[PDB]
Amino acid sequence: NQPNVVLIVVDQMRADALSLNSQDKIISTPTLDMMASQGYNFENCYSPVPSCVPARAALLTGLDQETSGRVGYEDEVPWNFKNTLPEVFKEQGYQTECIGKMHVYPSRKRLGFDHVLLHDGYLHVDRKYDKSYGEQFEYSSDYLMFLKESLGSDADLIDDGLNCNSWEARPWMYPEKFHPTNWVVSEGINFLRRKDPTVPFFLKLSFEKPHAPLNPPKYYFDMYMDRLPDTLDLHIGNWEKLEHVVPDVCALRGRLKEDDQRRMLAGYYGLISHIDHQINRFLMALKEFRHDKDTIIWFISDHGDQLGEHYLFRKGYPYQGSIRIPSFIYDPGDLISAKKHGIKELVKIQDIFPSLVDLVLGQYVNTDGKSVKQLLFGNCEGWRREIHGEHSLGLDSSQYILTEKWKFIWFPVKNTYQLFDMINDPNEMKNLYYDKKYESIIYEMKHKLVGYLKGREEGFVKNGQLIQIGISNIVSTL
Amino acid sequence: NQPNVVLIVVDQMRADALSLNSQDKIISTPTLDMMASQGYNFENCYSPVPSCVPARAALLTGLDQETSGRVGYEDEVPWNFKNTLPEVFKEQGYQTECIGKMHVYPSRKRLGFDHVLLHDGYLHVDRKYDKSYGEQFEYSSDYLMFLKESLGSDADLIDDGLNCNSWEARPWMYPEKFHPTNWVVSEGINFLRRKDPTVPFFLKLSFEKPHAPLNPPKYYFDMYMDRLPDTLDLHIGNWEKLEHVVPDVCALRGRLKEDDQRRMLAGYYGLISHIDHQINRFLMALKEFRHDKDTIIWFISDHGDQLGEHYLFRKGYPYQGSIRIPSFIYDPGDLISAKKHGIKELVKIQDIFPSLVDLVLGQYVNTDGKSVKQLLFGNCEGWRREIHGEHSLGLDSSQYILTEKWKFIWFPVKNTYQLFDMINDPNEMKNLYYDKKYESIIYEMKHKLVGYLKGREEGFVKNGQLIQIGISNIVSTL
Amino acid sequence: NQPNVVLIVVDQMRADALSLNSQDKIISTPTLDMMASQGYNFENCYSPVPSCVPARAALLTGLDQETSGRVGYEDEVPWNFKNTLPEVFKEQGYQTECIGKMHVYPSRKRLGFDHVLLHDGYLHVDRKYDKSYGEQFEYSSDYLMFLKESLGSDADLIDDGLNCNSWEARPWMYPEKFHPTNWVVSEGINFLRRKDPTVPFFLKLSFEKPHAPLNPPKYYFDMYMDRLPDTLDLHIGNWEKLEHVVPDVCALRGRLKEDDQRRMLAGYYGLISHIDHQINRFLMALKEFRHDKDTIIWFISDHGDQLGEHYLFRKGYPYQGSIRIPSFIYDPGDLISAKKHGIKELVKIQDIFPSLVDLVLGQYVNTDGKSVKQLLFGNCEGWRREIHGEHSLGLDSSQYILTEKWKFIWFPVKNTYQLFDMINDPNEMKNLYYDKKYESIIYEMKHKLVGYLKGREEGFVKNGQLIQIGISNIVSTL
Amino acid sequence: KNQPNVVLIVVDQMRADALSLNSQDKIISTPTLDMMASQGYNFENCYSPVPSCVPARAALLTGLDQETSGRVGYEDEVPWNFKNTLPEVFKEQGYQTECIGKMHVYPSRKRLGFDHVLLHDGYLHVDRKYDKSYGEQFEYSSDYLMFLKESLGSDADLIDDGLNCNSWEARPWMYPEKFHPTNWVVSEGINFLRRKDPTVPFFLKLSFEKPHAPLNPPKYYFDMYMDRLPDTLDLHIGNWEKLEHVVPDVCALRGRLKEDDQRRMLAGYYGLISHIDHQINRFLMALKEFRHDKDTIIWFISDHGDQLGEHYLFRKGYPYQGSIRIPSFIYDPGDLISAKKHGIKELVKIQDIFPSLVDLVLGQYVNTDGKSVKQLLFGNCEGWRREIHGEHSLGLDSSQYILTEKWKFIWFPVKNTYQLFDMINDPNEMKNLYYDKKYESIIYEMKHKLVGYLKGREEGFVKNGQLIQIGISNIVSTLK
Ligand SMILES: [Mn+2]
Ligand SMILES: [Mn+2]
Ligand SMILES: [Mn+2]
Ligand SMILES: [Mn+2]
């Protein structure tokens, strides 16, 4: 009795960009809606350190950021992990495959996958004309090589002029059939065709979208340009500061012209609805292989996107737009006997690894994350009450504690604080830190932060108190 | 210590078609906005003789129109200049390259560029079936040859029926990847790949757009057709005359149906937003070559476009639509220590040459233009108070003086005058010449014009006074 | 001194579908507008027998319908004419060429053209699987052969399902560059390239459009679908009868759903604006060959299209929609010394032949049509006051007299009459025949009809009076 | 004013006797080169003193002797710190300068006086390492390889048929003939003529990578030689060669091939040369289309020869005629040089091209080691050299030699062995004369010349006025 596993990873998808989680239901995600509502949808799933590299180290190893050391974004840091999610499945006799984005270093280090067909998207560390030929450009991306075999050697990832950290958006400029999202599913179907029939499979399907460039196929772009509402709400509350400058094309903060905000949403949502159709394609193929009833699917995003919310862009922030991720288990064969329903407790990306090994392999994994199995059966025994996350981001480096009621944030280089009522202010528009009615929570929350940060090399804590630090103390890896 | 230089030239782009300079902010130029606002934006930059050939002679040589003799448009006039912008950089050890439009004569005369990959757009003097094979059609344009290699030998520049001096507009009829704007950036990236690594580079990227034909890719055309405002303001004031005829398809004056005015703007703005994305592509490539921090970029247009304003089309007029050009230095490596800000003083296209040689090479150039270096540091010492420009245009030949307060225009074949308050009437809608309250300015302004024109071969001045001349006296080259 | 001549023929274009002639100015024909307004525009030009074959026999020979015998539509009738328009030019030393639609029989009979590159559109008599191979389908049309060489042998003229006599419409389903309208201009440019340089040319450029199928390129179709006015006026007056049935897809009469009427107009107008751009392409090429100033251009349509007006479709009717045609001389080299202006007198398609031979060759042609030369110089000496036209159309066979004030119509199989005031009722909405105030005109008009029809084989006249005839008496050729 | 254009045509690894005009048996088909060489000035005794690619191309471009440049053997990625080069002097004098094809310089895209270089160096190991810089490797190092990927698809590469660039193996080109690198050089030379600056004269280097291996000419030319090469192929084995009797390495420096392999190698090599010959004719026809056939001077040269199995030796880097003697001629159909056209028998070095062209065309001196051949063209031998000192590092077979108009004297300093050949009566070097005492006087003089050239060299060839054996670790390819 060994079920197959498909781990579907998308990059930079917000939790509220799953229509089921959304409040306004504008985004079209009919396939993911069905999957999440029919399985176990994690309504409170979080990427504690919300950017590509630290989130993916956490996904693969189950490790908290202090254990792995990945407290912010840094490329080309060694991945010295043996006990990884695909490695444990391999040890138990699975064929292990990854199609798409790994974002590990060295880029083709397999970390337990038998075989990897790699496309990390646009990575500056793989697109330098003076670095090693075999590790750069079309030799670093099997999708880009496919693009050159398909469109000719002159084709490249940047042909339409959109930057991978930019809010600029416009439709995919080539035939739709060559889009990277289709390619992941096409190659996932090729894996099903060509896999070893004598063993079960663990397959990671890892889409680089909806991470920019924001270039969905024209159909999906025009869909949203035609129907997005007239006014687009940025959830501007009582704490945001506008610097009143023309936005950098790769801005981390600021405000767009309304037309630019509209195009950004149409690109971003368009990429998501496109992923949704292509995942449905993969589901249809699973059925052609008679694997629709013996396979368990977990969908997750590595982190969110601020998308202009609070005058912020990109990620690496403590706010919900960055840290809250969509996440659900889809179990159409009913291999998990727990009653299917939405899960409210605080789940971390670190929990996926031990949950999958427990639920599918019936084994314990010694790591920081914890198996959600008991949550599925309605038992919050031993479950965390809070999450400590953080991210290095220069002046805007953050440290935060999230509970089911509060989010307490500290910016240690600025030495400023925020407090939000997550139940009544889910979009974090009302900073409460300066209201004396919350003096008790704030003192308790500061006390818990000392608990997490005492002893950290950056010097956050001196003599049991939180102290402003200089920007030179911030590191992305411990 | 030798920074690289990229000189980006566009053709027929209005100063107010850079969104940053625009008042209504309708045009989408997010990349150029960022570049101009982050560097030094010249808010008062002018092409004194506003058409292709005299402006480009001024750009390349720094010479005033009396010195070069190019007082209007004329093709196939010798370019007997040795002291040119690329030549000085070559002398100081730079590799010099031009991709795109030169508009010199002979067409492939290099004037200091080591290598030129040429595309002048549609030029009547290069598209005559009875002129030399090697200098005509696809042998005159390396872009057109690319088009024939890409689409087949039957492809040509006029396939969709749009004329290069016409207000008619419609989307590019072929796949977007073959557009001439993409080709300039593709070939600029090929130059970066293949350049001599032992020396710095001076690269001119010279787009033929947004000069007509007005055929942007469909995406950009539809963008504006969908969102341009309902009513399009032509700034019709108290002096324009409407001749009440069906407009010639290559008209120099008149009025369009509202739908034709809308399509013209959608074509023109669409070409500009397309250039903007493609420049962003080139910026991304500069970073892949690790040249994003050791390169100085100057963006400029050779002249503007009347675009229907004042019932005028094309260029060669004294009005702001023709003479005011977008122009800025982008310095992301902070190689220039002056505080970055907008520059208000009167800058001419003649100033680019000596400014670049001063700022980058630390040398003096003996020419008519002057280095803007001191302006960047806040010092208007020795700066001009006024510009004398002109253009031959038959009956509408003009002579004008522009200061920071006034524009005084004389049409010497018509022997009529205009006066505009540039501060309070920036769109030149209120001719003041017949108001007696301005008798003193007008007399002074006429006196200055005698100063500029006394001795000119056309006979503008007889016995110290300005006199009407016959049309046969007008010349385009002295 | 021999000017070149280009005769541009379009098929089924209404006179009021030239924007200059139109009242509402909705249709976009900027190139034709300029040509017609700058030359001599014939505001009252008529195809007396308004369908393809009889109009083209009249165009080529100058003969009235009684002389040629072509009083209605009939295919495969011999063309036993020696004295034709191209033949006279050939005799005077011209190279003669036709590109496009001839509609003669045998199809490749040249009738004075040195060379013909043929595309008659969809012709039922050339699309029969049991008729001669060499004269059918792709062997009858050099455009269709081009389509098979371009798209593959499976391509055909009917691939999108639109019928050549149908009001159904939709965009061209293939790449725009393969449209038949582009092909005429491409092949007209090939003729200019390859012509005999030692002699002048007479070139007929004969477009099959805007005759259905109504499949313009997508750009032009969407243009009108987006901007045509909400309500489309059919000019329904006091005489039309609605048969209240679902319209045949090739209906000669009836009423369409509003959406179908909108799509028909968007297809029809779209084809016309497309022709307009492609004619501008040909004008640009004429200039590349230095023939823009030594060439005289005459534009004409063979007949109109009812387009749903008066609950009528197609042509072959006596009403203005069918009989009034656009027609103008374009003379940018000013080879004709007459002052350029619009021409109001009644001109027939029979007049083109003798006008061109008189104006360009300085010779008399013995035919029924008359040279318009004196009209251009303001002299209506000897000019007709009236036109007698007609068409065989079963029950709706017609006979009519048109003057500058009246149109009098007789339907001899129905034996009904109509009378319209052409000055005050230009759209023929008020039948006056039953108003006693017009008894004198009507009696005179009936008397003139006896004059035209006495002796005709059909038996219209018996003992000096007009008499109802049976449908079996109607013929299309005498 | 009225300055002539110049085309320097360089081929790689072509033997002097693989020009039919120079050959004894006239088997190889080079009709176009025969015409140009016999109608112009053919250098019958032109030499590459250090016969491998990099030292010969340094000598060609700079005019420097191997001791001045330090290039005494093959070595990649040595800096080219030369300002005074052949294209630079023409550029300085107002010429547009262009190279299409093989430069073999370092860094690969250093222009060294060319306004523009369209680069194809052939197969170079230092340009084909997956761990070296992307923009300098494989299809980013070779504009021909990029053209092949654009033409055949990204799958295509330079080694698809399995032939090694240092190998005697041969077979026809496996792709359509129109994509061959020899055609590409001429196609792009025509593109340059189309797009050049019309206001200045041009200096154009057309640098073919062939007939250097892979030995893969188009099928037509391969079959031509397989169908008609003689049954017996002479290796010119004399009284001094020694066979090692091992299976030959596919990139062997010495040995003996099976008959069929030797025949295939000749068919590939000759086939490549006859193919170049047709493609150069193509270029001549294009020159006339641009009306430049009578205002252009052409100099054809090879950088060094190829042993081709002769004396049981392969490749190059040897002191024998197969390696050091190169075809070389000036073609001047416009009669821009007034000297009567004839063949030139005196000793000419590859170092002489640079000063000769600058003298003949520009009327200037260059301060280099080579000398202008102009006086020879006019029949004046006054002061012209009577000997050449050459050498090459090649491990145990490292050589030092003196070539005069009559003798070649060779010293192998690691083996401490000597050879002497009569170049008039024994032009194929089959009879070593060193051990015959009749020649002791000549040998004495030749050793004394070598002492003069080699005194003070860092390798320690000379001690107390005498040539002495050196250890192999003393051998270097570039002097310090
Ligand atoms: Mn990510
Ligand atoms: Mn211009
Ligand atoms: Mn017709
Ligand atoms: Mn070589």
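How each quantity is defined
All residue numbers refer to a per-chain count from 1 along the written sequence rather than necessarily to the numbering of the entry. Residues that lack coordinates are not shown. Whichever chain is written first is A, and whichever ligand is written first is 1; the rest continue in order. Shown here: chains from a larger assembly, with each value referring to the shown part only. Where side-chain values are given, they derive from all heavy atoms of the structure, hydrogens and water being excluded. In this analysis, two residues are considered to be in contact whenever any of their non-hydrogen atoms come within 4.5 Å of each other. Two parts lose some accessible area (1.4 Å probe) when they are put together, and adding that loss for both gives the buried area. By definition, a salt bridge exists where a carboxyl oxygen of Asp or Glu is found within 4 Å of a side-chain nitrogen of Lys or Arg. Pairing of N or O atoms within 3.5 Å defines a polar contact, subject to two protein rules: one partner must be a possible hydrogen donor and the other a possible acceptor, and residues neighboring in sequence count only if both atoms are side-chain atoms. Where helices and strands are cited, they refer to DSSP runs of H or I of at least four residues and of E of at least two residues respectively, numbered from the N terminus. Under the scheme applied here, ten amino acids are nonpolar (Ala, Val, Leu, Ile, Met, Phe, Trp, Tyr, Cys and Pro), four are charged (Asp, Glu, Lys and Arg), and all others, including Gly, are polar. Remark: exposure states derive from per-residue accessible area (1.4 Å probe, protein chains only) relative to the maximum for the residue type, with buried under 20%, exposed over 50%, and partly exposed in between. What makes two strands pair is DSSP finding at least two bridges between them. Axis definition: a line fit to C-alpha positions, over the contact stretch in the case of helices; interaxial angles, taken between N-to-C directions, run 0 to 180 degrees. Reported orientations rely on four angle classes, namely roughly parallel under 35 degrees, roughly antiparallel over 145, roughly perpendicular from 65 to 115, and oblique for the rest. Water is not part of the atom set, so a site may look incomplete; the donors themselves are N, O and S atoms within 2.8 Å of the metal, or 3.2 Å for Na, K and Ca.

As summarised from the PDB record, the model derives from X-ray crystallography at a stated resolution of 1.96 Å.

Moving on to the arrangement of the chains. Looking at chain A next to chain C, you find no contact at all, with the nearest C-alpha pair sitting 14 Å apart. Nothing in chain C touches chain D; the tightest C-alpha to C-alpha distance between them is still 22 Å.

Okay, the interface of chain A and chain B next. Across the contact, 32 residues belong to chain A and 30 residues belong to chain B. Approximately 2,600 Å² of surface area, both sides summed, lies buried where chain A meets chain B, with 52% of it carried by carbon and sulfur atoms. Linking chain A with chain B are 4 salt bridges. One salt bridge in this structure joins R170(A) and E176(B), with 2.7 Å as the shortest N-O distance. Between the two partners, chain A and chain B, sit 16 residue pairs in polar contact. Among the elements of the structure, α7 (218-227) and α8 (258-288) of chain A are those that each provide at least two residues to the side of chain A that touches chain B. With 3 residues, α8(A) is the largest single contributor of residues to the side of chain A that touches chain B.

Across the boundary between the two partners, chain D contributes 15 residues, which contact 15 residues of chain A. Here chain D packs against chain A, burying approximately 1,100 Å² in sum over the two surfaces, 53% of which is carbon and sulfur. When the area that chain D buries against chain A is broken down by residue, the three leading residues are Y130(D), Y134(D) and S154(D), summing to 51%. There are 0 salt bridges connecting chain D and chain A. Scanning the region where chain D abuts chain A turns up 12 residue pairs in polar contact. Across the side of chain D that touches chain A, the residue classes tally to 4 nonpolar, 4 polar and 7 charged.

Let us now look at the pairing of strand β13 (residues 416-421) of chain B. All names here are of chain B. Across the 6 residues that make up β13, a large majority, 5, are buried. Of the pairings in the sheet, the one linking strand β12 (residues 406-411) to β13 comprises 6 bridges and is antiparallel in character. Considered in β13, the bridge of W410 is made with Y417.

Turning next to the packing of helix α6 (residues 180-194) of chain A against α8(A). Residue and element names in this part refer to chain A. Contact pair α6 / α8: the axes reach a minimum separation of 9 Å and the direction vectors enclose 10°. With respect to α8, the element α6 is oriented roughly parallel. Here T181, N182, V185, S186, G188, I189 and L192 of α6 lie close against α8, whose contacting residues are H274, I275, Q278, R281, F282, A285 and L286. Class assignment of the residues belonging to the contact of α6 with α8 gives a composition of 7 nonpolar, 6 polar and 1 charged.

Turning our attention to the coordination of the manganese ion (ligand 3). Under ideal tetrahedral coordination, the four donors around a metal are separated by 109.5 degrees; under ideal octahedral coordination, the six donors are separated by 90 or 180 degrees. Residue and element names in this part refer to chain C. Taken together, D11 (OD), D11 (OD), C52 (SG), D302 (OD) and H303 (NE2) make up the full set of protein donors to the manganese ion (ligand 3), lying 2.1 to 2.6 Å away. Read N to C, the donor residues that coordinate the manganese ion (ligand 3) are spaced as D-x40-C-x249-D-H. In this pair, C52 sits in helix α2 (residues 52-61) while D302 sits in the loop between β7 (295-301) and α9 (320-323), placing the two residues 250 residues apart along the sequence.

The next subject is the sheet that holds strand β1 (residues 4-11) of chain A. For sheets, the rule is that strands pair by backbone hydrogen bonds, running either parallel or antiparallel. Residues and elements named next belong to chain A. Spatial ordering of the open sheet is given by β2-β8-β7-β1-β6-β4-β5, a layout of 7 strands whose pairing is mixed. On the outer flanks of this sheet lie β2 (40-41) and β5 (115-118), each paired with one strand and no other. Pairing of β1 with strand β6 (residues 201-210) involves 6 bridges; the strand directions are parallel. Bridging from a neighbouring strand, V5 pairs with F202 of β6. Along the sheet, α6 contacts β4 (95-100), β5 and β6; its crossing angle with β6, the most-contacted strand, is approximately 170°.

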